[PDB]
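Okay, so here's just one chain, in structure tokens, the form deposited in one PDB entry.
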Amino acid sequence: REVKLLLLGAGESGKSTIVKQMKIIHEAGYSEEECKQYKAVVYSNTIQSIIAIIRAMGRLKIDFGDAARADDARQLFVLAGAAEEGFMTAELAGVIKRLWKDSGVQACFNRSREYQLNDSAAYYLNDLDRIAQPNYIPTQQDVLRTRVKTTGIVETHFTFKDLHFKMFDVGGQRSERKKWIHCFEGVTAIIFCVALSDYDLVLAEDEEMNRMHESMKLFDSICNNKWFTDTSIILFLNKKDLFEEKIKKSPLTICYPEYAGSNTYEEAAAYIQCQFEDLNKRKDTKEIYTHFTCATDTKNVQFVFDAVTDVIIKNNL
């Protein structure tokens, strides 16, 4: 028997990562040939990241700690080109490593909410020595951490618990939402993704709009849509891992002014949950299956997705 799952959510919420986990958890994961295709994407992400932080250093006016880096920066752009073609010279590695360790670069890094930087920036930059070895091969984790904008409709297939799953993943930026209506026919369940750690960020598409707020508006829309009435609405409060660290230093009031709880994971998490479920207009007839997740964490996605299958099975079957 078949089952159609449609992954939805604003930009960079984690939809695609959940899709990669399906291959890792139900298929043997990514082969060598496949992990090598992602080698270029890992090198691209690393350069984009370090360059992106360097750019911000100019707009926020942040000097390198050791002017010595001024030349590493200049060399960064000279050698950068290779990374994009899937190669990482030993020289490039050193330049990126030195800039990354610079106090100036670091101060700008801790202020990333003030601009746009890839969540997986630190993950790679802190593993430069590994991803820079000759004949380097991306690991399951490296592949899960890759960032590639999803534009259009990606369709994935896999078999789990005797069911033949058909998973649909789409883009989430404002410009990509006009395409959502293409995956609406016969949806067994929707897995709506929300980046928990976006409470203090702003849409890349519109500086003035708070990311968490955009997400809420999208949830209110789908969830309350008459059309998806008999469609299991699964809510994934993703990026719980990043949220856990951010809630320690970044005030949740930025997003929810009337939040009188502490800067700890449990109170902050539960609050954001109630906010999203409160958008549900038919609280008695419609039900929302929620799960806190870490899309990059395979163990976590496996048990979470296991729990989701039972519900999908105990229902639409």
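Sequential numbering from 1, following the sequence displayed. The term rigid core refers to the maximal set of C-alpha atoms that superpose within 1.5 Å between the two forms.
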| item | value |
| --- | --- |
| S175 left out of the model in a third or more of other PDB entries | yes |
| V202 coordinate gap across at least a third of other entries | yes |
| 304-312 or 9-17, whichever carries the higher mean Cα B-factor | 304-312 |
| Comparing 161-169 with 231-239, the one whose average Cα B-factor in the PDB entry is higher | 161-169 |
| Identity of residue with top Cα B-factor, from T150, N224, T139, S103 | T150 |
| Options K248, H291, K281, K36 - largest CA temperature factor per the record | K248 |
| Chain-wide C-alpha B factor ranking for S215, given as lowest, middle or highest third | middle |
| Lowest, middle or highest third - CA B-factor, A195 | lowest |
| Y259 - which third its CA temperature factor falls in, relative to the rest of the chain | highest |
| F87 - Cα temperature factor, lowest/middle/highest third of chain | highest |
| Position of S31 among the chain's modelled residues by C-alpha B-factor, lowest, middle or highest third | middle |
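Below, we refer to the form deposited in another entry, which is not included among the displayed structures.
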{"property": "Displaced residue between this form and the one not shown, judged on C-alpha after the rigid core is fitted, out of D220, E84, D230, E114 (threshold 2 Å or more)", "result": "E84"}
{"property": "Note on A122-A83 C-alpha separation in the other entry, which departs from the shown form by 3 angstroms or more", "result": "farther"}
{"property": "Direction of Cα pair change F87-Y115 in the other entry, magnitude 3 angstroms or more", "result": "closer"}
